[PDB]
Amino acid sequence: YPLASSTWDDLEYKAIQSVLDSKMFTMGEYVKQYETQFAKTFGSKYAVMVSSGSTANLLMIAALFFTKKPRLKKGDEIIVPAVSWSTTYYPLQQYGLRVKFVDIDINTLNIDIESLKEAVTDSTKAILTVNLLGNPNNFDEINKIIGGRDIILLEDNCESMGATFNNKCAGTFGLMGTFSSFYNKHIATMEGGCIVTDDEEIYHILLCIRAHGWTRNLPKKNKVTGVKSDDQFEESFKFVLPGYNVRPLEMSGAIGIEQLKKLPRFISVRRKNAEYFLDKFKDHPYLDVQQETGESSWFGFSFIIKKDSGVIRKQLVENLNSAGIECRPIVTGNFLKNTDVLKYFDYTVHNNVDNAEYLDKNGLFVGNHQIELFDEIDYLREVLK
């Protein structure tokens, strides 16, 4: 039982072969297409490909500072959840925003709705939601706590590509949504990330900031510079926004196109595996599993040691490993235990983070893949007895 498995076939391999014979390796044809199908795939107007889910988060944030009428500015308050990957947080700190952490809900593993409604205020300029483990946030309920102030909605959808709510694609709820194409995820392009949006102005700020803050990937009339000059001796060396060089590589673009085709069955295998998993673990003596929302893409399986259950986490761990079972902390556990990097943040905690503290000491995680795991899952129910 591995936390991970390959998602490639010969198709990806000749996809690489193909980018070779072209002898055009820098972000190009492949990307553009991948970016087109990506959007077609999840129901957005615009998608943008970058070097990683991480850089996609960097860009998602940086962007809101370059809108003609800026949407964020330093010191602004943005709310986020206590549980998520490191790079969900960094950008906030890098852009000098004031972070308000909010305890997650122990059943869904996502951000606590009651806790949220009470933490959102006048100052709250944005809400950075995170779809944890394929599980989407209940967006209807988030949209009510907001309704209908001028408060930004974004989603780090890096763990839940293919998840859905009300039959709306996760990642497509935010003003911007991010995805990650890193090895261990739903699809793998070696490294890769994607930002979608339906917002024209955001779209263009992205194009610009992903590559040097120049104008070459911008259209003749754009939402940033207005009208590009025809004199390439000048228009080609014009810098309009402090960006980065976050270009994805043609190869990833080409691999992505492919992965996007296997996606559906990828997602089918996973939900059928989860179905089963839930059956086998339904009424467990000492562990709770994730409470699903919408239709999850089931990144992995989380377990949470039942309160007053006398079981000791590092005992189960031993057991699983000794049984050839790969397991790990859910995501990264309580992000707030990271006292050191925190000293660099301008953050605060709403109420408490008791749930995350509890998930930090009592939670474990085992993977889900896009190949059947009935057997293994069967073996898992035995070890955990």
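The first residue of the sequence shown is number 1, and the count goes up from there.
Averaged over their C-alpha atoms, the temperature factors of 148-156 and 182-190 are higher for 148-156. Here 323-331 and 343-351 are compared by their mean Cα B-factor, and 323-331 comes out higher. Comparing the C-alpha B-factors of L11, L373, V19, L364 in the entry, the top value falls on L373. Based on the entry's C-alpha B-factors, the most elevated value among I267, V240, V83, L206 belongs to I267. Ranked within its chain, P70 lands in the middle third, by CA B factor from the PDB record. Annotation for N138: CA B-factor lies in the middle third of the chain's modelled residues. In the PDB entry, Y89 places in the lowest third of its chain by CA B-factor. Ranked by Cα temperature factor within the chain, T36 sits in the middle third according to the deposited record. Sorting the modelled residues of the chain by their CA temperature factor places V227 in the highest third.
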